[PDB]
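> The following file, target-v1.cif, comprises mmCIF, C-alpha atoms; chains and numbers go by the auth columns:
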```cif
data_query
#
loop_
_atom_site.group_PDB
_atom_site.id
_atom_site.type_symbol
_atom_site.label_atom_id
_atom_site.label_comp_id
_atom_site.label_asym_id
_atom_site.label_seq_id
_atom_site.Cartn_x
_atom_site.Cartn_y
_atom_site.Cartn_z
_atom_site.B_iso_or_equiv
_atom_site.auth_seq_id
_atom_site.auth_asym_id
ATOM 1 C CA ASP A 1 -47.032 62.700 142.148 0.00 5 F
ATOM 2 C CA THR A 2 -48.619 59.267 142.472 0.00 6 F
ATOM 3 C CA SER A 3 -46.033 58.907 139.945 0.00 7 F
ATOM 4 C CA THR A 4 -46.218 55.935 137.504 0.00 8 F
ATOM 5 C CA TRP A 5 -44.570 53.373 135.332 0.00 9 F
ATOM 6 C CA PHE A 6 -41.105 53.053 136.969 0.00 10 F
ATOM 7 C CA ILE A 7 -38.761 52.461 133.935 0.00 11 F
ATOM 8 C CA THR A 8 -36.753 55.439 135.235 0.00 12 F
ATOM 9 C CA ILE A 9 -34.527 55.909 138.267 0.00 13 F
ATOM 10 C CA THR A 10 -33.699 52.324 139.296 0.00 14 F
ATOM 11 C CA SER A 11 -31.232 51.754 136.462 0.00 15 F
ATOM 12 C CA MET A 12 -29.502 54.965 137.482 0.00 16 F
ATOM 13 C CA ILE A 13 -29.015 53.817 141.083 0.00 17 F
ATOM 14 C CA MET A 14 -26.623 50.940 140.464 0.00 18 F
ATOM 15 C CA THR A 15 -24.283 53.106 138.459 0.00 19 F
ATOM 16 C CA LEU A 16 -24.047 55.136 141.656 0.00 20 F
ATOM 17 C CA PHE A 17 -22.859 52.110 143.612 0.00 21 F
ATOM 18 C CA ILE A 18 -19.824 51.994 141.383 0.00 22 F
ATOM 19 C CA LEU A 19 -18.984 55.495 142.594 0.00 23 F
ATOM 20 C CA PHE A 20 -19.476 55.055 146.332 0.00 24 F
ATOM 21 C CA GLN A 21 -17.500 51.831 146.369 0.00 25 F
ATOM 22 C CA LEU A 22 -14.664 53.726 144.726 0.00 26 F
ATOM 23 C CA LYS A 23 -14.363 56.680 147.089 0.00 27 F
ATOM 24 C CA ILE A 24 -15.003 55.006 150.441 0.00 28 F
ATOM 25 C CA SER A 25 -12.733 52.091 149.560 0.00 29 F
ATOM 26 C CA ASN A 26 -9.700 54.367 149.884 0.00 30 F
ATOM 27 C CA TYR A 27 -9.996 55.169 153.578 0.00 31 F
ATOM 28 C CA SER A 28 -7.588 54.681 156.457 0.00 32 F
ATOM 29 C CA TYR A 29 -8.130 52.954 159.763 0.00 33 F
ATOM 30 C CA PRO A 30 -6.289 54.245 162.833 0.00 34 F
ATOM 31 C CA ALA A 31 -6.192 50.745 164.316 0.00 35 F
ATOM 32 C CA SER A 32 -4.191 49.159 161.492 0.00 36 F
ATOM 33 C CA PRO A 33 -1.343 51.515 162.421 0.00 37 F
ATOM 34 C CA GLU A 34 -1.074 50.025 165.921 0.00 38 F
ATOM 35 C CA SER A 35 -0.628 46.518 164.497 0.00 39 F
ATOM 36 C CA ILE A 36 2.578 47.142 162.529 0.00 40 F
ATOM 37 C CA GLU A 37 4.414 48.205 165.693 0.00 41 F
ATOM 38 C CA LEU A 38 3.822 44.782 167.253 0.00 42 F
ATOM 39 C CA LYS A 39 5.480 42.593 164.610 0.00 43 F
ATOM 40 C CA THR A 40 8.566 44.821 164.454 0.00 44 F
ATOM 41 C CA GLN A 41 9.169 44.193 168.160 0.00 45 F
ATOM 42 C CA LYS A 42 8.999 40.393 167.992 0.00 46 F
ATOM 43 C CA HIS A 43 11.201 40.162 164.891 0.00 47 F
ATOM 44 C CA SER A 44 14.265 41.914 166.319 0.00 48 F
ATOM 45 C CA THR A 45 13.722 40.115 169.631 0.00 49 F
ATOM 46 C CA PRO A 46 13.953 36.805 167.774 0.00 50 F
ATOM 47 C CA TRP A 47 16.877 38.273 165.829 0.00 51 F
ATOM 48 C CA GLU A 48 18.514 39.034 169.172 0.00 52 F
ATOM 49 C CA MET A 49 17.582 35.469 170.116 0.00 53 F
ATOM 50 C CA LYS A 50 19.284 34.477 166.866 0.00 54 F
ATOM 51 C CA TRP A 51 22.232 36.521 168.131 0.00 55 F
ATOM 52 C CA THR A 52 21.924 34.961 171.590 0.00 56 F
ATOM 53 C CA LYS A 53 21.989 31.544 169.920 0.00 57 F
ATOM 54 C CA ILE A 54 24.982 32.904 168.009 0.00 58 F
ATOM 55 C CA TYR A 55 26.479 33.308 171.473 0.00 59 F
ATOM 56 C CA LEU A 56 24.964 30.184 173.052 0.00 60 F
ATOM 57 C CA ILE B 1 25.162 48.005 170.955 0.00 108 P
ATOM 58 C CA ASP B 2 24.243 45.074 173.211 0.00 109 P
ATOM 59 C CA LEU B 3 24.864 42.541 170.432 0.00 110 P
ATOM 60 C CA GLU B 4 28.160 44.124 169.386 0.00 111 P
ATOM 61 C CA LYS B 5 29.568 43.538 172.875 0.00 112 P
ATOM 62 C CA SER B 6 28.040 40.044 172.751 0.00 113 P
ATOM 63 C CA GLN B 7 30.605 39.290 170.042 0.00 114 P
ATOM 64 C CA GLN B 8 33.567 40.522 172.084 0.00 115 P
ATOM 65 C CA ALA B 9 32.382 38.954 175.355 0.00 116 P
ATOM 66 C CA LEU B 10 32.894 35.384 174.114 0.00 117 P
ATOM 67 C CA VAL B 11 36.407 35.996 172.731 0.00 118 P
ATOM 68 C CA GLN B 12 37.869 37.194 176.014 0.00 119 P
ATOM 69 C CA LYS B 13 35.993 34.447 177.874 0.00 120 P
ATOM 70 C CA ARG B 14 37.272 31.607 175.700 0.00 121 P
ATOM 71 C CA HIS B 15 40.991 32.430 175.645 0.00 122 P
ATOM 72 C CA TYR B 16 41.126 32.761 179.440 0.00 123 P
ATOM 73 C CA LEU B 17 39.515 29.393 180.168 0.00 124 P
ATOM 74 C CA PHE B 18 41.397 27.583 177.389 0.00 125 P
ATOM 75 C CA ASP B 19 44.670 28.450 179.122 0.00 126 P
ATOM 76 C CA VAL B 20 43.288 27.541 182.546 0.00 127 P
ATOM 77 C CA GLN B 21 42.910 24.037 181.083 0.00 128 P
ATOM 78 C CA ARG B 22 46.575 24.318 180.084 0.00 129 P
ATOM 79 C CA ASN B 23 47.719 25.151 183.621 0.00 130 P
ATOM 80 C CA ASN B 24 45.257 23.022 185.608 0.00 131 P
ATOM 81 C CA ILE B 25 46.872 19.975 183.986 0.00 132 P
ATOM 82 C CA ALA B 26 50.345 21.564 184.257 0.00 133 P
ATOM 83 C CA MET B 27 50.167 21.470 188.065 0.00 134 P
ATOM 84 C CA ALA B 28 49.113 17.808 187.860 0.00 135 P
ATOM 85 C CA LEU B 29 52.546 16.762 186.578 0.00 136 P
ATOM 86 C CA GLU B 30 54.690 18.848 188.942 0.00 137 P
ATOM 87 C CA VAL B 31 53.021 17.503 192.098 0.00 138 P
ATOM 88 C CA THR B 32 53.424 13.965 190.767 0.00 139 P
ATOM 89 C CA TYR B 33 57.080 14.570 189.915 0.00 140 P
ATOM 90 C CA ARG B 34 57.888 16.340 193.195 0.00 141 P
ATOM 91 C CA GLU B 35 56.308 13.410 195.040 0.00 142 P
ATOM 92 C CA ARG B 36 58.359 11.052 192.853 0.00 143 P
ATOM 93 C CA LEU B 37 61.660 12.593 193.973 0.00 144 P
ATOM 94 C CA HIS B 38 60.427 12.737 197.577 0.00 145 P
ATOM 95 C CA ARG B 39 59.158 9.152 197.858 0.00 146 P
ATOM 96 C CA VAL B 40 62.414 7.640 196.579 0.00 147 P
ATOM 97 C CA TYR B 41 64.129 9.348 199.513 0.00 148 P
ATOM 98 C CA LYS B 42 61.487 8.027 201.926 0.00 149 P
ATOM 99 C CA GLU B 43 61.934 4.327 201.167 0.00 150 P
ATOM 100 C CA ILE B 44 65.720 4.647 201.433 0.00 151 P
ATOM 101 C CA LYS B 45 65.337 6.499 204.748 0.00 152 P
ATOM 102 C CA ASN B 46 63.545 3.425 206.121 0.00 153 P
ATOM 103 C CA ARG B 47 66.690 1.347 205.592 0.00 154 P
ATOM 104 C CA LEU B 48 68.787 4.169 207.079 0.00 155 P
ATOM 105 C CA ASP B 49 66.502 3.933 210.136 0.00 156 P
ATOM 106 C CA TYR B 50 66.056 0.151 210.442 0.00 157 P
ATOM 107 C CA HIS B 51 69.589 -1.198 210.800 0.00 158 P
ATOM 108 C CA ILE B 52 70.478 1.279 213.548 0.00 159 P
#
```
Starting from the file, give its structure as C-alpha cells.

Amino acid sequence: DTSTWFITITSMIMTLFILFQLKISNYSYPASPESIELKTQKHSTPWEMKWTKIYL
Amino acid sequence: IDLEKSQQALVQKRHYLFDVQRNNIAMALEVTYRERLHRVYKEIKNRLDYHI
C-alpha cells in the first residue's frame, strides 16, 4: 500500500519507451500528401519554360 | 500536346520569313533597273525637246 523501497517498476518503464517510439513512429500525416502535388506543378511548368526557351 | 505543336510552329514560321527576305530584296533590284532604263530615255528626251 504505502508501498516501499522502489527498486522495482522504474527500470521497467524505459524499456517501454523503446516500444512506443517504435509503433507511433510509423504513422502517416494527411498534410504531407498535399505537399507533393505542389512541386510536380512547378517542375513541368519550368520544363515547359525550358521548352518555351527552346522556342524563344 | 502544346509543346509538340511548339516544335512545328517555328518550322513553318521560319521558312516563310526567310523567303520574304529573298523577295523583299528581289524587288529592290528590279525597281532600280527599270528606273535605269527609264532615266536614260529621259535625259535624251531633253535634247529631243531643246533644239526644237
> Using 10 Å as the limit and counting all atoms listed in the file, can you tabulate each residue of chain F that touches chain P, with its shortest atom-to-atom distance in Å and the two atoms involved, as CSV?

```
residue,atom,partner,partner_atom,distance
F:52,CA,P:110,CA,7.4
F:55,CA,P:110,CA,7.0
F:56,CA,P:113,CA,8.0
F:58,CA,P:114,CA,8.7
F:59,CA,P:113,CA,7.0
F:60,CA,P:117,CA,9.5
```
> How many Å separate atom CA of residue 29 of chain F from atom CA of residue 44 of chain F?
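Atom CA of residue 44 of chain F lies 27.0 Å from atom CA of residue 29 of chain F.
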> To one decimal place, how far is atom CA of residue 54 of chain F from atom CA of residue 115 of chain P in Å?
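Spanning atom CA of residue 54 of chain F to atom CA of residue 115 of chain P is a straight-line distance of 16.4 Å.
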> Interatomic distance between atom CA of residue 5 of chain F and atom CA of residue 19 of chain F?
25.0 Å
> Can we get segment 108-148 of chain P of that structure written down with N, CA and C atoms, as a PDB file, in the first residue's frame?

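New file result26.pdb:
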```pdb
ATOM      1  N   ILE P 108       0.969  17.844 -75.722  1.00  0.00           N
ATOM      2  CA  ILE P 108       0.337  18.296 -76.961  1.00  0.00           C
ATOM      3  C   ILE P 108       0.751  19.723 -77.300  1.00  0.00           C
ATOM      4  N   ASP P 109       0.736  20.626 -76.313  1.00  0.00           N
ATOM      5  CA  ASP P 109       1.003  22.032 -76.611  1.00  0.00           C
ATOM      6  C   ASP P 109       2.478  22.282 -76.907  1.00  0.00           C
ATOM      7  N   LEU P 110       3.359  21.394 -76.449  1.00  0.00           N
ATOM      8  CA  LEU P 110       4.778  21.527 -76.741  1.00  0.00           C
ATOM      9  C   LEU P 110       5.213  20.679 -77.930  1.00  0.00           C
ATOM     10  N   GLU P 111       4.343  19.796 -78.424  1.00  0.00           N
ATOM     11  CA  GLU P 111       4.609  19.150 -79.705  1.00  0.00           C
ATOM     12  C   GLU P 111       4.348  20.107 -80.858  1.00  0.00           C
ATOM     13  N   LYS P 112       3.241  20.850 -80.797  1.00  0.00           N
ATOM     14  CA  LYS P 112       2.956  21.861 -81.806  1.00  0.00           C
ATOM     15  C   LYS P 112       3.894  23.055 -81.711  1.00  0.00           C
ATOM     16  N   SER P 113       4.513  23.273 -80.548  1.00  0.00           N
ATOM     17  CA  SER P 113       5.516  24.316 -80.399  1.00  0.00           C
ATOM     18  C   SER P 113       6.794  24.004 -81.165  1.00  0.00           C
ATOM     19  N   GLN P 114       7.049  22.724 -81.452  1.00  0.00           N
ATOM     20  CA  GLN P 114       8.109  22.363 -82.388  1.00  0.00           C
ATOM     21  C   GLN P 114       7.750  22.780 -83.805  1.00  0.00           C
ATOM     22  N   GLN P 115       6.578  22.349 -84.275  1.00  0.00           N
ATOM     23  CA  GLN P 115       6.180  22.551 -85.659  1.00  0.00           C
ATOM     24  C   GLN P 115       5.813  23.996 -85.966  1.00  0.00           C
ATOM     25  N   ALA P 116       5.527  24.813 -84.950  1.00  0.00           N
ATOM     26  CA  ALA P 116       5.132  26.193 -85.211  1.00  0.00           C
ATOM     27  C   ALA P 116       6.307  27.025 -85.711  1.00  0.00           C
ATOM     28  N   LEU P 117       7.514  26.732 -85.233  1.00  0.00           N
ATOM     29  CA  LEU P 117       8.689  27.518 -85.577  1.00  0.00           C
ATOM     30  C   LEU P 117       9.355  27.055 -86.874  1.00  0.00           C
ATOM     31  N   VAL P 118       8.860  25.986 -87.499  1.00  0.00           N
ATOM     32  CA  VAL P 118       9.495  25.488 -88.717  1.00  0.00           C
ATOM     33  C   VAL P 118       8.639  25.827 -89.932  1.00  0.00           C
ATOM     34  N   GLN P 119       7.382  26.217 -89.709  1.00  0.00           N
ATOM     35  CA  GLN P 119       6.630  26.874 -90.772  1.00  0.00           C
ATOM     36  C   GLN P 119       6.759  28.387 -90.703  1.00  0.00           C
ATOM     37  N   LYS P 120       7.061  28.932 -89.524  1.00  0.00           N
ATOM     38  CA  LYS P 120       7.310  30.364 -89.400  1.00  0.00           C
ATOM     39  C   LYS P 120       8.607  30.756 -90.091  1.00  0.00           C
ATOM     40  N   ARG P 121       9.666  29.965 -89.888  1.00  0.00           N
ATOM     41  CA  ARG P 121      10.998  30.391 -90.306  1.00  0.00           C
ATOM     42  C   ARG P 121      11.189  30.309 -91.813  1.00  0.00           C
ATOM     43  N   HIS P 122      10.618  29.300 -92.471  1.00  0.00           N
ATOM     44  CA  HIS P 122      10.811  29.168 -93.908  1.00  0.00           C
ATOM     45  C   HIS P 122       9.959  30.139 -94.714  1.00  0.00           C
ATOM     46  N   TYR P 123       8.868  30.653 -94.140  1.00  0.00           N
ATOM     47  CA  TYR P 123       8.129  31.728 -94.795  1.00  0.00           C
ATOM     48  C   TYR P 123       8.913  33.033 -94.770  1.00  0.00           C
ATOM     49  N   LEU P 124       9.391  33.441 -93.590  1.00  0.00           N
ATOM     50  CA  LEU P 124      10.037  34.742 -93.474  1.00  0.00           C
ATOM     51  C   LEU P 124      11.464  34.742 -94.009  1.00  0.00           C
ATOM     52  N   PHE P 125      12.076  33.576 -94.210  1.00  0.00           N
ATOM     53  CA  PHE P 125      13.400  33.546 -94.815  1.00  0.00           C
ATOM     54  C   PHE P 125      13.347  33.505 -96.335  1.00  0.00           C
ATOM     55  N   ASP P 126      12.151  33.448 -96.917  1.00  0.00           N
ATOM     56  CA  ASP P 126      11.980  33.691 -98.340  1.00  0.00           C
ATOM     57  C   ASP P 126      11.337  35.040 -98.617  1.00  0.00           C
ATOM     58  N   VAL P 127      10.725  35.654 -97.602  1.00  0.00           N
ATOM     59  CA  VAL P 127      10.313  37.049 -97.708  1.00  0.00           C
ATOM     60  C   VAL P 127      11.541  37.944 -97.806  1.00  0.00           C
ATOM     61  N   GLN P 128      12.586  37.635 -97.032  1.00  0.00           N
ATOM     62  CA  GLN P 128      13.868  38.322 -97.157  1.00  0.00           C
ATOM     63  C   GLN P 128      14.563  38.044 -98.483  1.00  0.00           C
ATOM     64  N   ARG P 129      14.203  36.963 -99.176  1.00  0.00           N
ATOM     65  CA  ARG P 129      14.694  36.765-100.534  1.00  0.00           C
ATOM     66  C   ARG P 129      14.006  37.720-101.501  1.00  0.00           C
ATOM     67  N   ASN P 130      12.686  37.868-101.376  1.00  0.00           N
ATOM     68  CA  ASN P 130      11.907  38.632-102.341  1.00  0.00           C
ATOM     69  C   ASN P 130      11.728  40.100-101.972  1.00  0.00           C
ATOM     70  N   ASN P 131      11.968  40.490-100.717  1.00  0.00           N
ATOM     71  CA  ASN P 131      11.974  41.914-100.400  1.00  0.00           C
ATOM     72  C   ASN P 131      13.211  42.609-100.944  1.00  0.00           C
ATOM     73  N   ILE P 132      14.320  41.884-101.091  1.00  0.00           N
ATOM     74  CA  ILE P 132      15.500  42.425-101.753  1.00  0.00           C
ATOM     75  C   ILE P 132      15.433  42.200-103.263  1.00  0.00           C
ATOM     76  N   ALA P 133      14.638  41.227-103.721  1.00  0.00           N
ATOM     77  CA  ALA P 133      14.496  40.986-105.155  1.00  0.00           C
ATOM     78  C   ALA P 133      13.758  42.123-105.849  1.00  0.00           C
ATOM     79  N   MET P 134      12.771  42.726-105.180  1.00  0.00           N
ATOM     80  CA  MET P 134      12.095  43.886-105.753  1.00  0.00           C
ATOM     81  C   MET P 134      12.989  45.119-105.747  1.00  0.00           C
ATOM     82  N   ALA P 135      14.025  45.134-104.903  1.00  0.00           N
ATOM     83  CA  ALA P 135      14.886  46.307-104.799  1.00  0.00           C
ATOM     84  C   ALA P 135      15.810  46.447-105.999  1.00  0.00           C
ATOM     85  N   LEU P 136      16.022  45.372-106.756  1.00  0.00           N
ATOM     86  CA  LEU P 136      16.873  45.448-107.935  1.00  0.00           C
ATOM     87  C   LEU P 136      16.091  45.626-109.228  1.00  0.00           C
ATOM     88  N   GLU P 137      14.821  45.223-109.259  1.00  0.00           N
ATOM     89  CA  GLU P 137      14.001  45.459-110.443  1.00  0.00           C
ATOM     90  C   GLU P 137      13.624  46.929-110.570  1.00  0.00           C
ATOM     91  N   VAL P 138      13.213  47.553-109.462  1.00  0.00           N
ATOM     92  CA  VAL P 138      12.806  48.954-109.490  1.00  0.00           C
ATOM     93  C   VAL P 138      13.984  49.907-109.598  1.00  0.00           C
ATOM     94  N   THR P 139      15.210  49.417-109.428  1.00  0.00           N
ATOM     95  CA  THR P 139      16.386  50.211-109.731  1.00  0.00           C
ATOM     96  C   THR P 139      17.016  49.828-111.062  1.00  0.00           C
ATOM     97  N   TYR P 140      16.492  48.798-111.731  1.00  0.00           N
ATOM     98  CA  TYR P 140      16.871  48.552-113.118  1.00  0.00           C
ATOM     99  C   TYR P 140      15.841  49.135-114.075  1.00  0.00           C
ATOM    100  N   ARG P 141      14.557  49.070-113.702  1.00  0.00           N
ATOM    101  CA  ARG P 141      13.504  49.677-114.513  1.00  0.00           C
ATOM    102  C   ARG P 141      13.655  51.191-114.563  1.00  0.00           C
ATOM    103  N   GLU P 142      14.075  51.797-113.452  1.00  0.00           N
ATOM    104  CA  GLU P 142      14.364  53.224-113.434  1.00  0.00           C
ATOM    105  C   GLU P 142      15.720  53.558-114.039  1.00  0.00           C
ATOM    106  N   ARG P 143      16.557  52.557-114.318  1.00  0.00           N
ATOM    107  CA  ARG P 143      17.779  52.793-115.077  1.00  0.00           C
ATOM    108  C   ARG P 143      17.526  52.829-116.577  1.00  0.00           C
ATOM    109  N   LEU P 144      16.622  51.987-117.079  1.00  0.00           N
ATOM    110  CA  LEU P 144      16.246  52.040-118.484  1.00  0.00           C
ATOM    111  C   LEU P 144      15.381  53.262-118.770  1.00  0.00           C
ATOM    112  N   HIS P 145      14.580  53.689-117.793  1.00  0.00           N
ATOM    113  CA  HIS P 145      13.681  54.818-117.999  1.00  0.00           C
ATOM    114  C   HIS P 145      14.408  56.156-117.963  1.00  0.00           C
ATOM    115  N   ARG P 146      15.399  56.303-117.080  1.00  0.00           N
ATOM    116  CA  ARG P 146      16.079  57.585-116.931  1.00  0.00           C
ATOM    117  C   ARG P 146      16.978  57.883-118.125  1.00  0.00           C
ATOM    118  N   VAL P 147      17.516  56.842-118.767  1.00  0.00           N
ATOM    119  CA  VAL P 147      18.398  57.063-119.909  1.00  0.00           C
ATOM    120  C   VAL P 147      17.580  57.448-121.142  1.00  0.00           C
ATOM    121  N   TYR P 148      16.262  57.236-121.103  1.00  0.00           N
ATOM    122  CA  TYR P 148      15.399  57.814-122.124  1.00  0.00           C
ATOM    123  C   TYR P 148      15.006  59.244-121.775  1.00  0.00           C
TER     124      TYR P 148
END
```
